[PDB]
Each structure stands twice: as structure tokens, then as C-alpha cells.
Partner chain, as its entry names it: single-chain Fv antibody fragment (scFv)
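Okay, here we've got a single chain as C-alpha cells, the form deposited without its partner chain, with questions on binding and movement later.
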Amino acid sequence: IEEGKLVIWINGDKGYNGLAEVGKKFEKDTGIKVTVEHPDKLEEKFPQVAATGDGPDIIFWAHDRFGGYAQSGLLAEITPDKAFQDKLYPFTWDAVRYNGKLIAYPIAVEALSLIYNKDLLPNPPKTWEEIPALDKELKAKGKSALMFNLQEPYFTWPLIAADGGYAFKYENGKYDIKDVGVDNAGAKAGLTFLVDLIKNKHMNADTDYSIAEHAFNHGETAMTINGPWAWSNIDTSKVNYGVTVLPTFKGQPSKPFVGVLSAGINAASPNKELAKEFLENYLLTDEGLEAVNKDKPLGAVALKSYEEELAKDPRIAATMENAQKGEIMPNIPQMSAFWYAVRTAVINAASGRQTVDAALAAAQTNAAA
């Protein structure tokens, strides 16, 4: 890492162009260059390169990964005063607190919603169960009912959790890392339903982020599942879209894992104080989050003042409703194992390489340790 400059990592689906603008603002003021990068698999890269005193000064990701990073000593403890902390919602600080210590700045709260084409589908379905029928209706007109990223368990988890699936049993403010709920009747029922959609040709196992985004944004599919970041490209595509509550499964709300986009400071950084200044004084302000948000919507920001200003957006409202129906992700170190294990189970099951039960059985064992 180079002293006297800021290197930033943020995921490619976030507003890195909006952010780089803030970084140029930071440069004009302090003369400090702010390079914004978006590496593939950055959540895997970071720990790798950071373990050897390398990487970016600042790293952006959902809060779930930061616990593991902190346990690995890859993060510097941030030092915001009470005046600053009070600018952000206490529940977002909660998401980035590990072992009593604040290990990153919260930026925004993210949740998946059902996104639907209002012209194709004036009244979107309330349930997963009515999708096969809808799809058959749309296939006759050369469209599909629903397409969404089947490659990342983040997009499929809401369905798996609906009827009883869960990652780690959470009771009395503690997660039981040995009480995993990926192979219970609930989790199996959800994943089986997904696999049945694929077998019945209502979806394809190889659908990923780009295939789904293209499909929805060109009006090839009536629905997709995505987060606030996705809205800008839809704006651009001019599809008349709405954002609403996710379909129920067996009468139960889908339960998305809620993410808090956070900014961590590399423990190897020689630019910690600079990192602090940039994050507290430029990014985490009404105009800073505005620049990012204009590029790619952040969702419900952690900054109270801007969250209030944007709260009137029905898309954000829908995002919070789904958020209330889901659960905020744990940030414990065991999350990476959980995600990896479930990713494998879903891909193996969807592709037909393994039975649902066998896939989730293996994921269950692998998530525990």
C-alpha cells in the first residue's frame, strides 16, 4: 500500500463512478488522490492480499464478511466520536460491531425486492406458487415470468428461508454456530420448489446476474429479483417498473438476508487517518451519499439526515418492507463457510448433479464446524 493516497475497493454493482466523484472532491480539497477500483471476487481477494500487508486502504462490502475480516486482524478499529456516530442509525452501527468493537462505517441497508414490469404484468403475483402458471401464460407471448441470479445463494436464500430455513440459530442475542438450519424441512421445501421450477423449465439453472438484468431491462421477462443498485440501469432502459414485496412461499413471506454496505479500513493501511477523513467528512454526508446514490441507489442509507430525505421513495419503502420480513445478516466469522456451503448446494441441486436433500445435507455439515 502506498502512503499519501487512497485506494478504494467496492463491488462492481455499486456506484463506483458516483464514489470516484467524491474521491475527486477529496482530491481537490486535500490533494490526496482517490483511486476507486472494483475487482472481481473482491470479498475473496481482500483477505488474501490483506493477510500479507497488502490490498486497498478502504474496502466496501456487506457487513456479513467483516466479522471474519476482523477476527483475521485485517481491519483497523475505527475511531469516530459520539458526534459522528449520532449521525448514523444505531442499528447500522450494530451491524458493524464485532466483539464490542466498531470495525467499519455503515453506509446503507440493502434488501432484495421483487421488481416487476408494469406493462407486462399490471398485478404481480403474491406467491411463488402462481409463478408456473404465469410463466406458461407469458411463454405463449414469447416472454418469461421471472428471471434472477441463480448463481449466488443471496438471491435464492429468501425462498429457502421462507418455510423454515436459517443459517445460525439466533436466540438471546447469541448465534449458535452449531445450530445450522440449511437441511431442515423448511430449507428443503424451499430449494425443492426452486429446483422444480428449473425442471419444469420456468427458469434455467444457468441464469446469472447479467442474463437476468438483460432479460428484465429489455422486457424479455416480466419480473426479476434485485437490490436498489439495480434500479439505475432499469431507469436507463425505460422499462416501466415497480418495486414490491417478494412472493410468499407456502403462505410465508420470503425472508431476504439484509445487508449493510460498510466501509472497512485496511489494518495494513498507512493512510488510516486519511481514510477516516474521507469516510466521515466526504462520503458520509448528504452530498457524498447523493453522488453515489445518483449513480447506483444505496437503499436506505445509514446517515439519518439523507435517509429521512429519501424515505419518501416507494422503492425504498418496498425495500424496507422486505427487510422487515427478512433478517439482518450475522457478521460472525462463520458466515463465509455458510455462504460457500449454500452456494454449492443450490448450484448442485439446480443443475441436477445432486438431489436437494443430499445437497443440503452436505451444506449443513459444511456450514457447521
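Numbering follows the first chain given and starts at 1.
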Mean Cα B-factor comparison, 231-239 or 173-181, giving the higher one as deposited: 173-181
Entry-level comparison of average CA B-factors, 249-257 and 110-118, reporting the higher stretch: 249-257
Most elevated Cα B-factor in the entry, residues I225, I78, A205, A161: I78
Out of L88, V96, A133, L274, residue topping the C-alpha B-factor column of the entry: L274
Chain third (lowest, middle, highest) by recorded CA B-factor, residue given as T52: highest
Relative C-alpha B-factor of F26, binned into the chain's lowest, middle or highest third: highest
Chain third (lowest, middle, highest) by recorded CA B-factor, residue given as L298: middle
Chain third (lowest, middle, highest) by recorded CA B-factor, residue given as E137: middle
Third of the chain's Cα B-factor distribution that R315 belongs to, per the entry: lowest
